[PDB]
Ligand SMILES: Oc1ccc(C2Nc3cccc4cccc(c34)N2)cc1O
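This document opens with one chain alone, in structure tokens, the form deposited without the ligand.
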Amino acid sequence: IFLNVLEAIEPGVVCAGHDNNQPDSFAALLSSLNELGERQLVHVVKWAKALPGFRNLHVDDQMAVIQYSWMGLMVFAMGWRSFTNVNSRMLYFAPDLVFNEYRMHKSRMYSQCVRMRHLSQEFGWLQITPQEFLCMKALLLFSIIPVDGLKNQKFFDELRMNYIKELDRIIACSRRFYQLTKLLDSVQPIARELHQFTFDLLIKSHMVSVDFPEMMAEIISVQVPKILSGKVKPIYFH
């Protein structure tokens, strides 16, 4: 039942709308990454709200958890796409936005990209199954919260525990749980580096000709700083 649901709600293909019939430029590549980020966020919201037990969360915490975990969720999924679509040879942000090393460099997000490429390879080296991937991604949604607590922390704690239990079941073991939780933990530092880069870019966006969609500008200026200033932190296993 649980896995039937995760498979059923898994987002389909999302395109960036990027113009690949034009020479690469920082401004065009980043505007497309931002646009793709917003397109994916729309799907992450619909995905999250259809997750088993998500409605158990207080209305106020439902949106907060999505916004705080959004980047990490995208990173994990992108890494899986890169692994399955091109065997980690390139970063598969979208069918129309595939990054080779030249683009990783041009984007000025090279360090972050190489770490995501490594994550992509991890899916292969650890022989992560599609089902482990699905359960792990759902768990990512409940892996970062405010130090001052959610409106109803207890309901969140219950749901997160339930998702960890589903992972236990998929695995069923100690050695595998160790590997998977280690992998999950590695996503956070990557999201953090992307958060910092996105924040800095938004602040100077008007100086580099980079367009930020309304919805993205809001999250990056209201939610992301809570994470960067230490008010909202990831829940690490290790």
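Each form is matched to the other, and the largest set of C-alpha atoms that superpose within 1.5 Å is called the rigid core. Start at 1 with the first residue shown and count on from there.
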* Larger mean CA deviation from the shown form in 7 other deposited structures of this protein [core fit; 27-35 vs 202-210] -> 202-210
* Structure fact -> Of the deposited residues between residue 27 and residue 28, the number without coordinates is none
* Which is higher on average in the deposited entry, the C-alpha temperature factors of 39-47 or of 198-206? -> 198-206
* To do: Would you determine, from the values in the PDB entry, which of 19-27 and 211-219 has the greater average C-alpha temperature factor?
  => 211-219
* To do: By the entry's C-alpha temperature factors, tell me which of 174, 186, 32, 69 sits highest.
  => 174
* Sorting the chain's modelled residues by C-alpha B-factor, tell me whether residue 137 ends up in the lowest, middle or highest third. => lowest
* Structure fact -> Here the Cα B-factor of residue 109, set against its chain, lands in the third termed highest
* Comparing against every modelled residue in the chain, figure out the third that the C-alpha B-factor of residue 155 lands in (lowest, middle or highest). => highest
* **Ranked against its chain, the third holding the CA B-factor of residue 190** => lowest
* Structure fact -> Assert third(CA B-factor, residue 167) within chain per record equals middle
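There is also a form solved in complex with the ligand; it is not shown, and the following applies to it.
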* To do: With heavy atoms only and a cut-off of 4.5 Å, decide whether residue 184 touches the ligand in the deposited complex.
  => no
* Asked: Should residue 171 be classed as touching the ligand in the deposited complex when contacts are defined as heavy atoms within 4.5 Å?
  -> no
* Asked: Is there a non-hydrogen atom of residue 28 within 4.5 angstroms of a non-hydrogen atom of the ligand in the deposited complex?
  -> no
* Asked: Would residue 67 show up as a contact with the ligand in the deposited complex if we use heavy atoms at 4.5 Å?
  -> yes
* Asked: Though the partner is not shown here, which residues of 27-51 have a heavy atom within 4.5 Å of the ligand in the deposited complex?
  -> 45, 49
